[PDB]
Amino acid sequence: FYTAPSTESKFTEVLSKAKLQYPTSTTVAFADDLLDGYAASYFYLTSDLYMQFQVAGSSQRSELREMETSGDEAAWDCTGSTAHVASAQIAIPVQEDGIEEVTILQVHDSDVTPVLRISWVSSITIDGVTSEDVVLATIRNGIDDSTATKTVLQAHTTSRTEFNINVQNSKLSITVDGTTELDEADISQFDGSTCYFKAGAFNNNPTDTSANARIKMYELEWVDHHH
């Protein structure tokens, strides 16, 4: 009894350029399935026209993964000359009790390393400064280094917020409601990797493994701009 995100033309292009993974990394719906009206409790259109992702459990996800229209997985040069841009209007609801971090947008390499995660966090401490109820950027320092550089981007609001990720040459920038909050962070540690975008809800380290993480997107797109 769920309405499909494909019923809204604002999502046609991104769905044509995506596959949906749930609840782990296995694809449940390819682009053709998504365009044919795929809908489930974990991926549906709300009455006010948001594409909503919902998932329970540690490190589980309901996430779109960037694809080419040819059916090839997106695998662009992480630090190449072509700009790659992901834009999303996201409303992050107050999360259920026991949900502690939800990743909403990623730049991921073609193996096992997230270049960037944008996530909501109940709390975070960075260089001795603790922030609560914020949206955070996490950039991994290397494939062989589990540590990351973390940057608070925004105090959490339930209001629809524009997020824009721009990746070009060895630099990555993030704008939030038009304001640059991460200005040309270095990602040269991914030279010689390939990359793709992801968007949705990816539930990180919950304290209640039965609680549902929930993220809503009013607009979503990923594009290339050729130098």
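Quick note: we count residues from 1 along the sequence shown, nothing fancier.
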For this session: Look over 112-120 and 151-159 in the entry and identify the one with the greater average Cα temperature factor.
Result: 151-159
Exercise. Taking only the CA atoms, which stretch has the higher mean B-factor in the record, 213-221 or 20-28?
Worked result: 20-28
For this session: Have a look at 90, 135, 102, 83 and flag the one whose Cα has the highest B-factor in the entry.
Result: 83
For this session: Divide the modelled residues of the chain into thirds by Cα B-factor and specify which third, lowest, middle or highest, holds residue 186.
Result: middle
For this session: Can you work out whether the C-alpha temperature factor of residue 203 puts it in the lowest, middle or highest third of the chain?
Result: lowest
Problem set entry | Record-listed C-alpha B factor of residue 180: chain third | highest
Problem set entry | Third assignment of residue 146 from its chain's C-alpha B-factors | highest
Exercise. Against its chain's modelled residues, does residue 36's Cα B factor rank lowest, middle or highest third?
Worked result: highest
